[PDB]
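>>> Opening piece of the complex, as it sits:
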Amino acid sequence: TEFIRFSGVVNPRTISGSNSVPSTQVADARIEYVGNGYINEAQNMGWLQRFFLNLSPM
């Protein structure tokens, strides 16, 4: 399952005639595109590898 979430503030005069506004005209734009399932877990680092990436000398 994939989730696309959007939030922001829109000026009414930036909305086009077809009730559309580009995402670059939204003030506090919060855009999120995430997923779950084993596909999403396959894109997470292992805990040991994350620990090393954060605490290894090099």
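Looks like it came in fine. Numbers count the residues shown, from 1 in each chain, chains lettered A, B, ... in the order given.
>>> Determine the number of other residues adjacent to residue A:37.
When neighbours are counted by other C-beta atoms under 10 Å, residue A:37 registers 9. For the C-beta atoms, the positions are set from N, CA and C on the backbone; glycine is no exception.
>>> you'd agree it is up against residue A:1?
Yes: applying C-beta atoms under 8 Å, one finds residue A:37 in contact with residue A:1, separated by 6.5 Å.
>>> could I have the helix with the most length in chain A exported to CSV, CA atoms only?
For chain A, the longest helix by residue count, based on DSSP state H, is helix A:47-55. Extracted in CSV, the C-alpha atoms of helix A:47-55 (Å, rounded to 0.1, in the frame of the first residue of the first chain):
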residue,chain,number,x,y,z
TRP,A,47,19.7,-2.0,12.6
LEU,A,48,23.3,-3.1,12.9
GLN,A,49,24.2,-1.3,9.6
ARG,A,50,22.5,1.8,10.8
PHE,A,51,24.3,1.6,14.1
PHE,A,52,27.6,1.3,12.2
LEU,A,53,26.7,4.1,9.8
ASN,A,54,26.1,6.4,12.8
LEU,A,55,28.9,5.3,15.2
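>>> and the most centrally placed residue in chain A, helix, strand or coil?
Geometric centre of chain A, nearest residue: residue A:32, 2.6 Å, by C-alpha atoms, centre = their mean. Each residue gets one of three states, and residue A:32 gets strand by DSSP: H, G, I helix; E, B strand; the rest coil.
>>> now the helices for chain A?
With helices called from DSSP H, chain A shows them at A:38-41, A:47-55.
>>> buried stuff in the shortest one?
By neighbour count on 16 or more other C-beta atoms under 10 Å, the buried set for helix A:38-41 is empty.
>>> looking at chain A, which residue lies furthest from center?
Largest separation from the mean C-alpha position in chain A: residue A:57, at 30.9 Å (C-alpha atoms, centre = their mean).
>>> Might you report the residue contacts of the closest residue to the residue nearest to the centre of chain A other than its chain neighbours?
With sequence-adjacent residues excluded and distances taken as C-beta to C-beta, 6 or more residues apart in numbering, residue A:32 is closest to residue A:5, at 4.2 Å. Shown in contact with residue A:5 (C-beta atoms under 8 Å, 6 or more residues apart in numbering): A:30-33.
>>> okay, those in TSV with distance to residue A:52 next?
TSV is the format used below for the contacts of residue A:5 (distance: C-beta to C-beta, whole Å):
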residue	distance to residue A:52
A:30	32
A:31	31
A:32	28
A:33	28
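>>> Could you check how many residues crowd around residue A:21?
Residues within reach of residue A:21, counting by other C-beta under 10 Å, total 16.
>>> one more, chain B:
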Amino acid sequence: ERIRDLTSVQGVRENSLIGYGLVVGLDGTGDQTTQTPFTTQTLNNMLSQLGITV
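Same chains as before, plus chain B:
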């Protein structure tokens, strides 16, 4: 009735006001709007203010 015609009262003065506008209802004798981009730009501004987005 001569002093009023020879002098002016201090503080009793006139100022000058200026502004920009659009004149509509002409019989094909308006701007060409190809050599005057501001006419179309301000018409679009007025339409957007009124709720129409060209």
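>>> Chain B added, so what about the neighbour count of residue A:21 now?
Per other C-beta atoms under 10 Å in any protein chain shown, the neighbour tally for residue A:21 reads 17.
>>> which non-adjacent residue is nearest it?
residue A:15 (4.8 Å; C-beta to C-beta, 6 or more residues apart in numbering or on different chains).
>>> count of residues packed around that neighbour?
By other C-beta under 10 Å, 13 other residues sit near residue A:15.
>>> Distance of the residue nearest to the centre of chain A relative to residue A:14?
Per C-beta to C-beta, to the nearest Å, residue A:32 is found 22 Å from residue A:14.
>>> Could I get the contacting residues of the residue farthest from the centre of chain A?
Applying C-beta atoms under 8 Å, 6 or more residues apart in numbering or on different chains to residue A:57 gives no contacts.
>>> where along chain B do the helices fall?
Under DSSP H, chain B gives helices at B:3-6, B:37-50.
>>> Quick check: buried residues in the first one?
Which is helix B:3-6. For helix B:3-6, burial by neighbour count (16 or more other C-beta atoms under 10 Å in any protein chain shown) applies to no residue.
>>> cool, stretch B:12-29 as well?
Per 16+ other C-beta under 10 Å, stretch B:12-29 contains no buried residues.
>>> Outside of it itself, list whatever touches it.
With contact meaning C-beta under 8 Å, 6+ apart, stretch B:12-29 is reached by B:30, B:39, B:42-43, B:46.
>>> try it again with 7 Å
The contact list for stretch B:12-29, computed with C-beta atoms under 7 Å, 6 or more residues apart in numbering or on different chains, reads B:42-43, B:46.
>>> Give me the distance between the two termini of that stretch.
41 Å (C-alpha to C-alpha, to the nearest Å).
>>> sorry, back to before: hey, which of the helices of chain B is tucked in deepest?
The highest mean neighbour count among those, using mean count of other C-beta atoms under 10 Å in any protein chain shown, belongs to helix B:37-50: a mean of 12.
>>> ok now that one, how far from the chain's centre?
Relative to the mean C-alpha coordinate of its chain, helix B:37-50 is positioned 15 Å out (C-alpha atoms, centre = their mean, to the nearest Å).
>>> can you tell me if that helix touches chain A.
Yes: in terms of C-beta under 7 Å from any C-beta of the partner chain, part of helix B:37-50 sits within range of chain A, namely residue B:48.
>>> then that helix to CSV, C-alphas only?
Coordinates of each C-alpha in helix B:37-50 appear next as CSV, following Å, rounded to 0.1, in the frame of the first residue of the first chain:
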residue,chain,number,x,y,z
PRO,B,37,0.8,45.0,-23.1
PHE,B,38,-0.3,46.8,-19.9
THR,B,39,-3.9,47.1,-21.2
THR,B,40,-4.3,43.3,-21.4
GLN,B,41,-2.3,42.7,-18.2
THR,B,42,-4.6,45.0,-16.2
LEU,B,43,-7.7,43.6,-17.8
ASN,B,44,-6.6,40.1,-16.8
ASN,B,45,-5.9,41.5,-13.3
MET,B,46,-9.4,42.9,-13.1
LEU,B,47,-10.9,39.6,-14.3
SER,B,48,-8.9,37.7,-11.8
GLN,B,49,-10.1,40.0,-9.1
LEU,B,50,-13.7,39.4,-10.3
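>>> Go ahead and add chain C:
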Amino acid sequence: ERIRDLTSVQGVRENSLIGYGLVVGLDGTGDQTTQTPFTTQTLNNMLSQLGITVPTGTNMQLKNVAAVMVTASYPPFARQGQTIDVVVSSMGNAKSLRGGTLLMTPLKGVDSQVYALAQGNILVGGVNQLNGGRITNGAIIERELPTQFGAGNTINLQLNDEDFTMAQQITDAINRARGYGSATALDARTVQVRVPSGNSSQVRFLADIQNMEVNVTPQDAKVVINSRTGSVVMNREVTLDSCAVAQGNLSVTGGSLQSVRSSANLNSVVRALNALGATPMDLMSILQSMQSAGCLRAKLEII
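So, slotting chain C in with the rest:
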């Protein structure tokens, strides 16, 4: 019936309303709609509102529809249900609005709020302007403005033209008619009037004040020159001083220098200036030169 013609009541004022609309029913004299995309866009908007969705990719070439701007005046103490006249003016490349009809048009104020709704049939003269028309009782009032009339014991009469003498005359007339301290003068343009608290009492007071007669004192001498229309207007206070005038192709009816006598009233001034035999366009230059020299004892205003 002169005070109502010389002053205006404070708070009793008119506002301006504007709006956008479409005019249909033209005989092929509407917008071309190829150089005016907003006409077709707003027609599609109206159709979508009414329940018809024209596909976005489609060529619409209309001939009986014109995009128009509607202007109206919001009257004092306007009430919902009342009707006002509107002016309808074409906006782009339309040829005529002779038999058109104005569809539902919301008339917005300066604050971008709807104060009236306009819909009706246009009357166009038909040398006559074809792209502009008027609709009597074409708009119905929908919103009402709050006002402070009837509150307090003071109301200001605002003179159309600033004059200390006229302000004092109006104040003295009101004091002579309705008691000692009924009216006072604040400046050359405003006269403050004391009225009883309430709504009906103030209406009665204003009804008595408005039709009062005031003798107008003589104003400032003024010569109004309109070069765009080619007109000159001189009021009754204009006088002349004796001096010589010369201008091209003008001569004594003889020499090119013509004497202008000292003139006290307007008839003498008119006689002296007509003795010059000057065309009004020549009279404009003559008057400006005389004002520069000092013969013209008047304020020369170019409008």
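>>> In light of the added chain C, please revisit the neighbour count of residue A:21.
Quick note: residue A:21 (other C-beta under 10 Å) scores 17 neighbours.
>>> Tell me who's in contact with it.
A:10, A:14-15.
>>> who touches the residue nearest to residue B:51 when sequence neighbours are not counted in this structure?
Take residue B:51 and drop its neighbours on the chain: the residue closest to it by C-beta to C-beta, 6+ apart is residue C:20, 8.0 Å away. By C-beta under 7 Å, 6+ apart, the residues touching residue C:20 are B:50, B:52, C:69, C:105.
>>> Can you tell me which of those residues is closest to chain A?
Taking C-beta to the nearest C-beta as the measure, chain A lies nearest residue B:52 of these, at 7.6 Å.
>>> what's the spacing between that closest one and residue C:45?
Distance of residue B:52 to residue C:45, computed by C-beta to C-beta: 8 Å.
>>> can you list contacts of stretch A:32-48?
Under the criterion C-beta under 7 Å, 6+ apart, residues A:1-5 lie in contact with stretch A:32-48.
>>> The residue of chain A found nearest chain C: what's it in contact with?
Nearest residue of chain A to chain C: residue A:17, at 5.8 Å (C-beta to the nearest C-beta). Contacts for residue A:17 (C-beta under 7 Å, 6+ apart) come out as B:53, C:41.
>>> quick one, phi/psi of residue A:22?
With angles defined as degrees, to the nearest 10, residue A:22 sits at phi -70, psi 150.
>>> what's around it, how many residues?
8.
>>> quick one: it from chain B, how far?
13 Å (C-beta to the nearest C-beta, to the nearest Å).
>>> Redo the contacts of residue C:20 as TSV? Include distance to residue A:44.
What follows is these, written out as TSV (distance: C-beta to C-beta, whole Å):
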residue	distance to residue A:44
B:50	52
B:52	50
C:69	61
C:105	60
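>>> which of the residues you listed sit farthest apart?
Spatial extent of those (C-beta to C-beta) is set by the pair B:52 and C:105 at 12.6 Å.
>>> returning to what we had before: for the residue nearest to residue B:51, give its distance to residue C:88.
11 Å.
>>> Distance to chain B for the contacts of stretch A:32-48 - can I get that in TSV?
Listed next are those as TSV, based on distance: C-beta to the nearest C-beta, whole Å:
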residue	distance to chain B
A:1	36
A:2	32
A:3	31
A:4	26
A:5	27
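>>> Are any of those residues buried, and if so which?
Using 16+ other C-beta under 10 Å, no member of the contacts of stretch A:32-48 is buried.
>>> Any chance of those residues in a markdown table with distance to residue A:23 as columns?
Output for the contacts of stretch A:32-48, formatted as a markdown table (distance: C-beta to C-beta, whole Å):
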| residue | distance to residue A:23 |
| --- | --- |
| A:1 | 23 |
| A:2 | 18 |
| A:3 | 17 |
| A:4 | 12 |
| A:5 | 13 |
